[PDB]
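Student: pasting the first bit of my complex, frame unchanged:
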Amino acid sequence: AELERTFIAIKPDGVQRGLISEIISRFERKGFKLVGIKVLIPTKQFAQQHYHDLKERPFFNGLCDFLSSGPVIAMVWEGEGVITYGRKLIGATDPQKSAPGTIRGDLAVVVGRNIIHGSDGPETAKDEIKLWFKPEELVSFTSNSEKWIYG
Amino acid sequence: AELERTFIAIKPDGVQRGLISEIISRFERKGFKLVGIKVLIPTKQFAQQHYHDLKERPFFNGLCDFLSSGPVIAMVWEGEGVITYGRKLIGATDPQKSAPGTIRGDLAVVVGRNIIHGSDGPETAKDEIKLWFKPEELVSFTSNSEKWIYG
Amino acid sequence: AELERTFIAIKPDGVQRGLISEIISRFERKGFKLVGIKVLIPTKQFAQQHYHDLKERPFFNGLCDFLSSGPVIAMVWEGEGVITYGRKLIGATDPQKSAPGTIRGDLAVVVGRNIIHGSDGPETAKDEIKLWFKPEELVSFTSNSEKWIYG
Amino acid sequence: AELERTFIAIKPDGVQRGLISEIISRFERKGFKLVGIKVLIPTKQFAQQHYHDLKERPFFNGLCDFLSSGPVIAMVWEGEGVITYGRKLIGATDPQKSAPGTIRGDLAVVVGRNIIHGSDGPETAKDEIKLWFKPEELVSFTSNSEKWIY
Amino acid sequence: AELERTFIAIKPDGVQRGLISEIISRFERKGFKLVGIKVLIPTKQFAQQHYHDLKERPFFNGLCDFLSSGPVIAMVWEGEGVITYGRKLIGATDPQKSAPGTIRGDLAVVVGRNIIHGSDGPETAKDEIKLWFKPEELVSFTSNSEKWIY
């Protein structure tokens, strides 16, 4: 249960707006642990693979062109219910409908530039991790704070 | 749409409690842009003009005496849906009923000292701006971050 | 009304995770005032006295063993509606169900390690204060900011 | 003594990089009080009568174009020794040589884009304040925290 | 070595200006541990046996009245070299002369209201701690983060 993992990615707008430290702190200070991270520029190809679910939607091409229009911070966070909470933390899809206190609510204005992405379910989480990370890049260790975060 | 503007004012209590930087950061870090700002001490007269809508209410006189009991930070923020979000950011009228994460919720205790004011609609927004700022004091420029905030 | 007081305690997990300054700031920056504080390690005995209400529940013993498994920051905050708001600030009992922006929501993961405790009612508040503090340790003064927090 | 005022301006690069809240906080939290503030886009000319003591240098022109390439947050801060501490807060002219903890040392990288400006003396202060603010724009009030700051 | 303790107190002006969280954070985040804390309003007399080494000076009386003009957050911090670093954290006696990054350099303006106090040596520490805390008020535990701090 405390081994659940989710995929979080700071999209290009987030990175180009210098929200890395800020976004990372919301997950770090919560008690979740960073078991994988990397910077990279998705190829339009790769982008389409990540969005394979939306391949036949109007905005599909835009999403792919955008997700590959700049650097991206890919991450994998471990923790109990981290997938669900990662979303609670991220906020509504549209910033204008997210409550202050959530990442999108505090740091973004409109849907098209909603700075971050988080897995929306246990399965997509696994797929998304499998797609952005080679198992060698992932880590396994016990945080010192674990005794007090879960006990 | 991305040109909408709202009026935000840090009332005397807010200023006397040193919440300027803090309040400003909630709007700045969101992605909205400061197109007008000034410090000043409203005259009871001016105050009544701003609250003209409440001229025949019990508390009217209190509001006017208070809004002129010290310095005030008047501002105009530009951004898509900034008027509505400016309110979401500000929180409920009564601090005790605002959720943590909102300005009033985090930084104020009771209704009578709810530290800030934001326009509550597209029309009052225009009137309020027209009343606190001479067009010369307002600015127009494109933020560097615009490409990534709206795209 | 502005004299209401509540009991807030940073449990061992909170202290062992270095959340003192952070937790304290949420109450301080709100406008409430610290009228009593101390550090100490509850004895399993004392713990049972504090949890006397849950003496015949499965988890009772766990709670007592835990509340005495390390240092604790006991506090008493004064302010209008501070009891109720202290809870709003703390968030749901289970971190996973607390909204970002609340202490538990931002800084904790699961129910068993929900880092803090706040009185849940005007009566328990009085009892809890009476139990953790000798009247000599409590203070009475008027904050300079009072004129602007309540007026 | 505690009525000393200095002029602080956030340069276009500062504003453009959204450092308004951050900068203002360094001053507000110290105890100084904001007695004058406005946002404006300096005219190429205006820029020149600000950097006038440098009209002799080979960068005066470069400076003037930049100080008008975008919005500027002009400010007036009051407090004892504010002019001098204002500079300590800002740090060395060259970010590379500023100490971590100072505005430029933390938020800027090179001299050409040192995001902020602060009067360097009692005189330049007096002038600078008069050059950027009409006396009405400034306010006079005693902060609630004055009794505990001084 | 890592059991060294120092006495830190937030003066009335500090408390009155709501700097409790801010100050405590500078210490907590460094790695030192809070082993003793209380809030109290020093009696005019109590103030005098604290500033006793200064009963000779012409401000001893002024000091004593002030240290009792309001609430005070008294604290005891433990950690290696805490006494010395505690002072570095606090900064110069005179805020005007403290470096940005230090508690006084960031949150205070003048000497008369330098918001905080920290033991200046191993001895004054020992005494100061005994003068403000009963041995029960202090705690002894090994922080979870000890293994990674030392």
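Tutor: Sure thing, it's come through. Numbering: from 1, shown residues only, chains lettered A, B, ... in the order given.
Student: List the contacts of the residue nearest the centre of chain A.
Tutor: What sits nearest the mean C-alpha location of chain A, by C-alpha atoms, centre = their mean, is residue A:8, with 1.5 Å. Applying C-beta atoms under 8 Å, 6 or more residues apart in numbering or on different chains, we find residue A:8 in contact with A:23, A:27, A:75, A:76, A:77, A:86, A:90, A:116, A:117, A:118, A:119. No exception for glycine: its C-beta is placed from N, CA and C like everyone else's.
Student: I'd like to know how many residues surround the last one.
Tutor: It refers to residue A:119. By other C-beta atoms under 10 Å in any protein chain shown, the residues close to residue A:119 number 24.
Student: My guess is it contacts residue A:83. True?
Tutor: Yes: Residue A:119 lies in contact with residue A:83 (C-beta atoms under 8 Å); the separation is 5.6 Å.
Student: Common neighbours of these two, please.
Tutor: Going by C-beta under 8 Å, 6+ apart, residues that sit against residue A:119 and also against residue A:83 are A:6, A:125.
Student: phi, psi of the residue nearest to the centre of chain A?
Tutor: Here is the backbone geometry of residue A:8 (degrees, to the nearest 10): phi -120, psi 140.
Student: Next, count neighbours for the closest residue to residue A:23 other than its chain neighbours.
Tutor: Nearest residue to residue A:23 in three dimensions, chain neighbours excluded: residue A:10, at 5.4 Å (C-beta to C-beta, 6 or more residues apart in numbering or on different chains). By other C-beta under 10 Å, the residues close to residue A:10 number 24.
Student: ditto for residue A:17
Tutor: With other C-beta under 10 Å as criterion, residue A:17 counts 21.
Student: Name all residues that make contact with it.
Tutor: Per C-beta under 8 Å, 6+ apart, neighbours of residue A:17: A:107, A:115, B:31, B:145, B:148, B:149.
Student: helix, strand or coil for whichever residue of chain A sits closest to chain C?
Tutor: Per C-beta to the nearest C-beta, residue A:101 is where chain A lies closest to chain C, at 2.9 Å. For residue A:101, the assignment made with DSSP: H, G, I helix; E, B strand; the rest coil gives coil.
Student: wait, doesn't it sit right on residue C:100?
Tutor: Yes: with contact defined as C-beta under 8 Å, residue A:101 and residue C:100 form a contacting pair (4.4 Å).
Student: Spell out which residues are contacts of both of these two.
Tutor: Listed as contacting both residue A:101 and residue C:100 by C-beta under 8 Å, 6+ apart are residue B:101.
Student: give me the number of residues near residue A:68?
Tutor: Residue A:68, neighbours per other C-beta under 10 Å, totals 18.
Student: swap that for residue A:145, please
Tutor: The burial count for residue A:145: 18, using other C-beta under 10 Å.
Student: same question, residue A:141
Tutor: Residue A:141: 9 neighbours (other C-beta under 10 Å).
Student: hang on, isn't the residue nearest to residue A:23 packed against residue A:21?
Tutor: No: the pair residue A:10 and residue A:21 fails to qualify as a contact (C-beta under 8 Å) at a distance of 10.4 Å.
Student: Would you mind naming what in chain A lies close to chain D?
Tutor: For chain A, no residue is in contact with chain D (C-beta under 8 Å from any C-beta of the partner chain).
Student: got a list of what residue A:19 touches?
Tutor: A:10, A:107, A:115.
Student: Looking at these, which are in helices?
Tutor: Judged by DSSP state H, these include residue A:107 as members of helices.
Student: Name the residues of chain A found near chain E, please.
Tutor: Checking chain A against chain E by C-beta under 8 Å from any C-beta, the hits are A:144, A:145, A:147, A:148.
Student: can I assume residue A:139 is in contact with residue A:36?
Tutor: Yes: the pair residue A:139 / residue A:36 is scored as a contact, 6.6 Å apart, by C-beta under 8 Å.
Student: Please say which of the two ends up with more neighbours.
Tutor: Just comparing residue A:139 and residue A:36: by other C-beta under 10 Å the higher neighbour count belongs to residue A:36, 19 against 12.
Student: Chain F comes next; put it on the structure above:
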Amino acid sequence: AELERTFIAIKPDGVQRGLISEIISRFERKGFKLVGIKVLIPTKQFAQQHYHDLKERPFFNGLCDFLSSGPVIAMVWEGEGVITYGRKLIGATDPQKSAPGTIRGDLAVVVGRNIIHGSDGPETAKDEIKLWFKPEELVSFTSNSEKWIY
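Tutor: To build on what is shown above, here is chain F added in:
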């Protein structure tokens, strides 16, 4: 000139003490750009070819065991004078001797656990970067804020 890169790594004690966000912010907010980052648990051996210039010292072994006792956040930052300022940001090798405002002065206590590492020169940088990152792992893009930083 503005393509200078340095290697920054958050040591196990740093990661274990949840200072990832804090450290990264000191760099991000300055204007430097994250062009390479990964998390990994160095092998006892790997640790040795990093601290190789110290294989002569009586702590080389101690160092190597530690740099592999837990996860590590390895990073590559780009910006003008980044190598040098990166060090100013980090502060003295010994936390006790670092100034408040620096990463070690604020978040660490002793030399043995100084939570972070930063290349000390242009050469060691070049090597260190090549030792920890495959050229694919690094990225090349011009940040939106480049026009206002330089």
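Student: can you check the neighbour count of residue A:145 again with chain F included?
Tutor: The number of residues near residue A:145, taken as other C-beta under 10 Å, comes to 21.
Student: cool, residue A:129 as well?
Tutor: Residue A:129 has 20 nearby residues by other C-beta under 10 Å.
Student: what residues are up against it?
Tutor: Counting by C-beta under 8 Å, 6+ apart, residue A:129 touches A:5, A:6, A:7, A:36, A:76, A:119, A:138.
Student: Looking at chain A, what residue ends up closest to chain B?
Tutor: Taking C-beta to the nearest C-beta, chain A has residue A:101 as its residue nearest chain B, at 2.9 Å.
Student: what about that residue, how many residues close to it?
Tutor: Using other C-beta under 10 Å, residue A:101 has 23 neighbouring residues.
Student: Please look at it and residue C:91 and confirm they touch.
Tutor: No: contact criterion C-beta under 8 Å: residue A:101 and residue C:91 do not qualify, at 10.8 Å.
Student: Bridged to the closest residue to residue A:138 other than its chain neighbours, which residues?
Tutor: Take residue A:138 and drop its neighbours on the chain: the residue closest to it by C-beta to C-beta, 6+ apart is residue A:36, 4.5 Å away. Beta-bridge pairing for residue A:36 (DSSP bridges): residue A:76.
Student: List the contacts of residue A:36.
Tutor: A:74, A:75, A:76, A:129, A:133, A:137, A:138, A:139, F:39.
Student: same check, this time on residue A:70
Tutor: Contacts of residue A:70 (C-beta under 8 Å, 6+ apart): A:12, A:15, A:16, A:41, F:141.
Student: contacting residues around the residue nearest to it when sequence neighbours are not counted?
Tutor: Using C-beta to C-beta, 6+ apart and skipping residues adjacent in sequence, the residue nearest residue A:70 is residue A:12, 3.4 Å away. Residue A:12 makes contacts with A:66, A:67, A:69, A:70, A:71, A:72, B:148, as judged by C-beta under 8 Å, 6+ apart.
Student: what do you get for residue A:143?
Tutor: So residue A:143 contacts A:33, A:149, F:16 (C-beta under 8 Å, 6+ apart).
Student: redo that, cut-off 6 Å
Tutor: residue A:33 (C-beta atoms under 6 Å, 6 or more residues apart in numbering or on different chains).
Student: Share the number of residues neighbouring residue A:98, please.
Tutor: Counted by other C-beta under 10 Å, the residues lying close to residue A:98 total 22.
Student: Check the burial of residue A:80 by counting its neighbours.
Tutor: By other C-beta under 10 Å, neighbour count at residue A:80 equals 19.
Student: Same check on residue A:45?
Tutor: Residue A:45 has 10 neighbours, counted by other C-beta under 10 Å.
Student: Same check on residue A:58?
Tutor: With other C-beta under 10 Å as criterion, residue A:58 counts 7.
Student: just residue A:39 next, same as before
Tutor: Residue A:39, neighbours per other C-beta under 10 Å, totals 23.
Student: Let me see the contact set for it.
Tutor: Listed by C-beta under 6 Å, 6+ apart, the contact partners of residue A:39 are A:71, A:73, F:34, F:37, F:139.
Student: I'd like the distance between the third one and chain E.
Tutor: What that stands for is residue F:34. Using C-beta to the nearest C-beta, to the nearest Å, residue F:34 is found at 23 Å from chain E.
Student: Residue A:44 - nearest residue in space that isn't next to it in sequence?
Tutor: Among residues not flanking residue A:44 along the chain, residue A:68 sits closest, at 4.8 Å (C-beta to C-beta, 6+ apart).
Student: quick one, what contacts the one you found?
Tutor: Per C-beta under 6 Å, 6+ apart, neighbours of residue A:68: A:42, A:44, A:47.
Student: rerun that using 7 Å as the cut-off
Tutor: Applying C-beta atoms under 7 Å, 6 or more residues apart in numbering or on different chains to residue A:68 gives the contacts A:41, A:42, A:43, A:44, A:47.
Student: Which of those residues are buried, as a ChimeraX select command?
Tutor: A single ChimeraX command selects the buried members of the contacts of residue A:68 (16 or more other C-beta atoms under 10 Å in any protein chain shown):
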select /A:42,47
